[PDB]
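Secondary and tertiary structure notes
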Amino acid sequence: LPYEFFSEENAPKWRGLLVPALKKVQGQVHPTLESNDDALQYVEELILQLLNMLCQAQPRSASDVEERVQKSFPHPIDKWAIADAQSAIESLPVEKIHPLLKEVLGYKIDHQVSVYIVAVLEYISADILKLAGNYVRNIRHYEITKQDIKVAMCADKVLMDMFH
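**With respect to helix α3 (residues 37-55)**
If you check α3, its first and last C-alpha atoms are 26 Å apart, about what 19 residues at 1.5 Å a residue would give, namely 27 Å. Buried within α3 are the following residues: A39, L40, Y42, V43, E44, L46, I47, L48, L50, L51, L54 and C55.

Following this line, the structure appears as structure tokens:
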């Protein structure tokens, strides 16, 4: 039990830490669509479940992440994810998260690896939100509810096959 994001100790350190940023993301992907804490908090749970997955492989380089990502993320999302991550090291609290990473694993990490990870995490964030937004805009709703996101990720094998 090396880590549990929502315990009676760590919870305060994560709960709503990504929500503020996600609103921005959902703002760049779908300006017209309105935010909804209920959902973004769920997107957070997912994005956080992703970070944990990228940590099980105990990253120690700015490449080990690319490798892990290159080993997990289903084709096309894997390559696309890296492309972004790379183009980054070259909105999410990249700073406020860096110190946290060291605590999620218990080791040291260069500011370059964090920029890579956080970038990857945000890509899936923008990707998830991007798909959900289309769903919403398809049914003429102008709002992304938690329900929408779920039903949205379903019609997508890549993402659906990515989580469990």
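**Focus: helix α5 (residues 77-89)**
The end-to-end C-alpha separation of α5 is 19 Å, in line with the 18 Å expected for 13 residues at 1.5 Å each. Among all positions in α5, only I77, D78, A81, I82 and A85 are buried. Down the axis of α5, the buried set is contained in an arc of 125°. They therefore lie on one face. Seen from the buried face of α5, the exposed residues on the opposite side, beyond 90 degrees, are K79 and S87. For α5, the elements touching its buried residues are α4 (64-71), α7 (111-139) and α9 (157-162).

**A look at the side chain of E122**
By the secondary structure assignment, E122 is in helix α7. Buried within the structure, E122 lacks any salt-bridge partner; its nearest side chain of opposite charge belongs to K24, at an N-O separation of 11 Å. With residues near it in sequence (within four places) discarded, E122 still touches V25, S91 and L92.

**Looking at the nonpolar core**
Core analysis: the largest hydrophobic core is formed by 54 residues, its most contacted members being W14, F73, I124, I128 and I149. When contributions to this core are tallied by element, the ones reaching two or more residues are α2 (19-29), α3, α4, α5, α6 (94-105), α7, α8 (146-154) and α9. Here the element with the most residues in this core is α7; it accounts for 13 residues. Every residue in contact with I124, bar those within four places of it in the chain, is listed here: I47, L50, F73, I77, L159, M162 and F163.

**Topic: the pattern of salt bridges**
This model, assessed by the stated rule, comprises 3 salt bridges. With its nearest N and O atoms 3.6 Å apart, the salt bridge here joins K23 to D37. A residue pair is termed long-range when its members are at least 10 positions apart, and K23 in helix α2 and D37 in helix α3 qualify at 14 residues. Of the residues examined, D37 reaches a relative accessible area of 47% and is grouped as partly exposed. With its nearest N and O atoms 3.0 Å apart, the salt bridge here joins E67 to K71.

**Overview of the packing of α6 against α7**
When two helices pack together, their arrangement is captured by the angle between the axes and the distance separating the axes. Interaxial distance between α6 and α7 falls to 10 Å at its minimum, and their mutual angle equals 110°. Comparing their axes, α7 and α6 come out roughly perpendicular. α7 is crossed by α6, and the crossing has right-handed handedness. Packed against α6, whose contacting residues are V94, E95, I97, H98 and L101, the element α7 presents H111, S114, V115, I117 and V118 at the interface.

**Things to note about the layout of surface pockets**
In this model, the largest pocket occupies a volume close to 250 Å³. Lining the largest pocket, in full, are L1, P2, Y3, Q49, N52, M53, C55, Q56, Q58, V104 and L105. Residue classes in the lining of the largest pocket are distributed as 7 nonpolar, 4 polar and no charged.

The rules behind the values
Here the residues of each chain are numbered from 1 in the order the sequence is written, which can differ from the numbering of the entry; residues without coordinates are not included. Calculation of side-chain values draws on the structure's entire complement of heavy atoms; hydrogens and water are dropped beforehand. Numbered from the N terminus, helices here are DSSP runs of H or I no shorter than four residues, and strands are runs of E no shorter than two. For a helix, the expected span equals 1.5 Å multiplied by the number of residues minus one. Throughout, exposure labels follow a simple rule: accessible area from a 1.4 Å probe, protein chains only, divided by the maximum for the residue type, with under 20% read as buried, over 50% as exposed, and the rest as partly exposed. Our arc is simply the arc of the directions from the helix axis toward the C-beta atoms. Contacts: residue pairs with any heavy atoms within 4.5 Å of one another. Here the positive residues are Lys and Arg and the negative ones are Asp and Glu; neither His nor the chain ends is included. Here, a salt bridge means any side-chain nitrogen of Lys or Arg that lies within 4 Å of a carboxyl oxygen of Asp or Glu. Side-chain atoms within 4.5 Å link the members of a nonpolar core, which is a set of buried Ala, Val, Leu, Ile, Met, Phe, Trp, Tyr and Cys residues. To get an axis, fit a line to the C-alpha atoms, keeping to the stretch in contact for a helix; angles then go from 0 to 180 degrees between the N-to-C directions. Any angle from 65 to 115 degrees is called roughly perpendicular, while one under 35 is roughly parallel, one over 145 is roughly antiparallel, and all others are oblique. Each helix crossing is assigned a hand: it is left-handed if the near helix lies turned anticlockwise from the far helix by less than a right angle, otherwise right-handed if that turn is clockwise. Whether a set of points on the 1 Å grid over the protein atoms alone is a cavity depends on a 1.4 Å probe fitting there but being unable to get out, while an open set qualifies as a pocket with protein on both sides within 12 Å along at least five of seven lines; lining residues are those with an atom within 4 Å of a point. Grid points are joined across faces, edges and corners, and a volume is the space filled by probe spheres set on the points. Under the scheme applied here, ten amino acids are nonpolar (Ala, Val, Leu, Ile, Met, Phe, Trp, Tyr, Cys and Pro), four are charged (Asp, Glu, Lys and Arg), and all others, including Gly, are polar.

Remember, this is a structural readout, not a statement about activity or role.
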